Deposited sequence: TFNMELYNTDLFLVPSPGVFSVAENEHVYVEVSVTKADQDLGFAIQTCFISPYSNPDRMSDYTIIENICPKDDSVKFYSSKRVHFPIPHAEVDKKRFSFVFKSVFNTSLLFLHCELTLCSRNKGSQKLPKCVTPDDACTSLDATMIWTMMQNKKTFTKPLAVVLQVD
């Protein structure tokens, strides 16, 4: 129901076939996606950080996005993409951003941890947070996802 894809270009055409290889100073194109029936339901990208653990309890000082705000300055957002399944009555909501990688760990095997927050895409709604955009954000309904990175 939730996805996280890495791509080699800002066309998000061709996802990497497992473990993404990355060197300092390169871009990484992330795509996150929610697949759902409700059409009032959106999401935002709450937090993203790199870390050498498959574990997020040991969070990390390498934070890219925090409370929907871009903390790393290399970060760019791209158009979001709602794509309809006609016959299954479904919608994939996708969001996209890049950043420039910096190696700073003591190891070559890393994790991109992103967490999605679900939210309500229509005004007047106790039931979940209304929705908000990334620099608008600079001014339980949350899902953790991890993808693997390989430094060279």
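Residues of the deposited sequence lacking C-alpha coordinates fall in a single stretch, 140 to 154, numbered from 1.
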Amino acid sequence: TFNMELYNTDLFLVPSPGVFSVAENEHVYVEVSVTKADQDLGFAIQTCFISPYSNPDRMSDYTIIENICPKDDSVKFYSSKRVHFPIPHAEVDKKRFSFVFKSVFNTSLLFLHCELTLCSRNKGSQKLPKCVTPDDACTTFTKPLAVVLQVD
From here on, numbers count along this sequence of modelled residues.
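Two stretches are in play, 116 to 124 and 48 to 56, and the higher mean C-alpha B-factor belongs to 116 to 124. Stretches 38 to 46 and 84 to 92 differ in mean C-alpha B factor, with the higher average recorded for 84 to 92. Ranking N25, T139, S21, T142 by Cα temperature factor from the entry places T139 first. Ranked against the other modelled residues of its chain, the C-alpha B-factor of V14 as given in the entry falls in the middle third.
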